[PDB]
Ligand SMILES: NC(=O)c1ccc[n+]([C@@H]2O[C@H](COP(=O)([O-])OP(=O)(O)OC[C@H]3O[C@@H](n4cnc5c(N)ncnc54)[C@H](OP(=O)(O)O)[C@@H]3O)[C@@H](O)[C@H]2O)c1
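Below, in structure tokens: the form deposited without the ligand, a single chain.
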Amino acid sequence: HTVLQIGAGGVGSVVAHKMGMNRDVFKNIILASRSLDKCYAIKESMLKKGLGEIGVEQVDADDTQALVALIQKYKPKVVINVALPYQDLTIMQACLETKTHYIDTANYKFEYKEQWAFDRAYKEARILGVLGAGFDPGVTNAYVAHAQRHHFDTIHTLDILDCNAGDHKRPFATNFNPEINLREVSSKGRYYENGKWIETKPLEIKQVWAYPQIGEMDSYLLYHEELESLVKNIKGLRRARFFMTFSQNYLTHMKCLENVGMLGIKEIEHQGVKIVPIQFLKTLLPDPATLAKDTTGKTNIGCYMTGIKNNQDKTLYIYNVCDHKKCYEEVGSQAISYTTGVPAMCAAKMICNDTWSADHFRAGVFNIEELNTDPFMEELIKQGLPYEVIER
């Protein structure tokens, strides 16, 4: 089979690389992006690693008509959106117009409104739209769905816990555009409890949590995309929360940068030239491609649920641990891009071998917890993202 991937960033290189590891399913792989240089670089690494050749194209993902012509040129079975989060709606519309299947990952106050509003159109066109096929959201959605059907009768509470304990060996550096980092630590927290959404102050709710294979880490309450999906799609939920770890090193740096004005979004005039501080910060901080080679450590993402099984109390903790350096030696990217990009390729496999389909019974726009997670989880294990359970 043949698939079209739009995006050649850190997460996009994992999808292309891992796709090249499964050449029994993905016969022809085509990559398109605004930056042609990044595409050929991904082509080279895969060629250097003996995974075959990839097709390379340039495309403006803000232009639906250019995307439609691109899709019609290669006639792919599914299009993977690993590009910018503002181009998700023009890529979704192109998939609709061209009657091709759609997957997105890494979409970064977010709402599912406009992506979900394509359901009726996607249904009437007999195609599938899988939203958030990353890790959080994505595999975490599968973890909750996998526990609804194999480990619980009723789920009362859910806590999603994201921990990155990697060391890039630099004093300070980000793996994403600094605006991501700014968003994480400056936005109000939001969680769901007893039919209401509760908003908090930025990093107002702290807690220490024991992450398997890592240790105890300071975990702060944040809002995440997946909460919206899960709260709406899992009935009977009494509490839903998302937690991410932040070290005191990192938090102090961010508060100092905020105090000098280096986290600014509005531009300011310097030497007759308008500059955006956070954008200057991106130029200063090391290029994330060079951080991958040196980064060491582990990540832990998973869900901790309390529910009821056979009218007896149960608590479940499904989680995955990923080793930054192990990812770099396998594909050449770090664990944040690996945990986000491997599910995307697994979702693509599930559509190309017809496990996940829009044919017959149902079609439309779905989150991963609405689909058959059994073959997805088995595929995640085979491709390098095995999970661990802690049941009590």
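By rigid core we mean the largest C-alpha set that fits within 1.5 Å across both forms. Note that residue numbering follows the sequence shown and begins at 1.
Keep in mind that the form solved in complex with the ligand is not shown, yet the notes after this line are about it.
Shown-form site status with respect to the ligand as positioned in the deposited complex after superposition (2.4 Å backbone/C-beta criterion, 3+ atoms): Judged against the ligand in the deposited complex, the pocket is blocked.
Contact stretch among 84-92, 229-237, 190-198, 273-281 - heavy atom within 4.5 Å of the ligand in the deposited complex: Result of the contact check: 84-92.
Interface membership of residue 11, the ligand in the deposited complex, 4.5 Å heavy atom rule: Within the cut-off, so yes.
Non-hydrogen atom contact residue 302 with the ligand in the deposited complex at 4.5 angstroms: Result no; residue 302 lies far from the ligand in the deposited complex.
Residue 106, heavy atom within 4.5 angstroms of the ligand in the deposited complex: Output for residue 106 is yes: heavy atoms within 4.5 Å of the ligand.
Contact of residue 129 with the ligand in the deposited complex (heavy atom, 4.5 Å): Close contact is absent here: in the deposited complex, residue 129 is far from the ligand, nothing within 4.5 Å, heavy atoms only.
Contact residue in the deposited complex, chosen from 306, 245, 177, 115 - any heavy atom within 4.5 Å of the ligand: Exactly one listed residue reaches within 4.5 Å, namely 177.
In the deposited complex, the residue from 59, 68, 51, 365 that sits within 4.5 Å of the ligand by heavy atoms: Only one listed residue qualifies here, and that residue is 59.
Residues of stretch 121-156 in contact with the ligand in the deposited complex (4.5 Å, non-hydrogen atom): 134, 135, 136, 137 sit within 4.5 Å of the partner.
Displaced residue between the shown form and the other one, judged on C-alpha after the rigid core is fitted, out of 85, 297, 215, 286 (threshold 2 Å or more): The answer here is 286.
C-alpha of residue 200 moved at least 2 Å between the shown form and the other one on rigid core: Moves: no, less than 2 Å.
Large Cα move at residue 175 between the shown form and the other one, threshold 2 Å, rigid core: The answer is yes, as the C-alpha of residue 175 shifts between the shown form and the other one by 2 Å or more after core alignment.
Residue 184 C-alpha moves between the shown form and the other one by 2 Å or more, core aligned: Yes, because once the rigid core is superposed, the C-alpha of residue 184 moves 2 Å or more between the shown form and the other one.
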